[PDB]
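K.L.:
The following block contains the structure, expressed as structure tokens.
Protein chains: 2
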Amino acid sequence: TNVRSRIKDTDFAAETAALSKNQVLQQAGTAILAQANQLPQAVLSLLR
Amino acid sequence: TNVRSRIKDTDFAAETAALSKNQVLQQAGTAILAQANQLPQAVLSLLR
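Put into structure tokens, the structure is as follows:
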């Protein structure tokens, strides 16, 4: 059961770190696309 | 998509330069013809 524990289980102190990371990466990427999809709006400020 | 971007797209900062150029060339050429079509009117100021 020790062996199967180290194989099959997850230590949640690691998991929650992975979660915090991934959540930051998503909220980031979303907020990034808020800008990437607005950089083409600099176009029609020029000559329109 | 990078490759197809550099092939098929236009960088608009180049385009708008081409536009400004062409517009100047048209407005110019028009205003030029305002004179070229009036140089023959110097004729009938002479002997009529």
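Residue numbers (the authors' numbering), protein chains in the order written: chain V, 441 to 488; chain A, 441 to 488.
Ideal Cβ placement from N, Cα and C applies to all residues, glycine included.
What does the alpha-carbon distance come out to for the pair residue 463/V and residue 459/A?
P.N.:
Distance between the alpha carbons of residue 463/V and residue 459/A: 45 Å.
K.L.:
Name the two residues that bound the continuous alpha helix (DSSP H) containing residue 460/V.
P.N.:
That run of the alpha helix (DSSP H) goes 452-476.
K.L.:
The alpha helix (DSSP H) with residue 444/V in it runs from where to where?
P.N.:
Its alpha helix (DSSP H) spans residues 442-448.
K.L.:
Is residue 450/A near residue 487/V, with beta carbons less than 9 Å apart?
P.N.:
It is not a contact, given that the beta carbons lie outside the stated cut-off.
K.L.:
Along chain V, in chain order, which residues have C-beta atoms closer than 9 Å to that of residue 459/A?
P.N.:
Going along chain V in sequence order, the residues near residue 459/A (Cβ under 9 Å) are 487.
K.L.:
Taking just the CA atoms, how far does residue 441/A sit from residue 447/A?
P.N.:
Near 10 Å, if we compare the C-alpha coordinates of residue 441/A and residue 447/A.
K.L.:
For the stretch 472-484 of chain V, enumerate the residues whose C-beta is nearer than 8 Å to any C-beta of chain A, in chain order.
P.N.:
The stretch 472-484 of chain V vs chain A, Cβ under 8 Å: 483.
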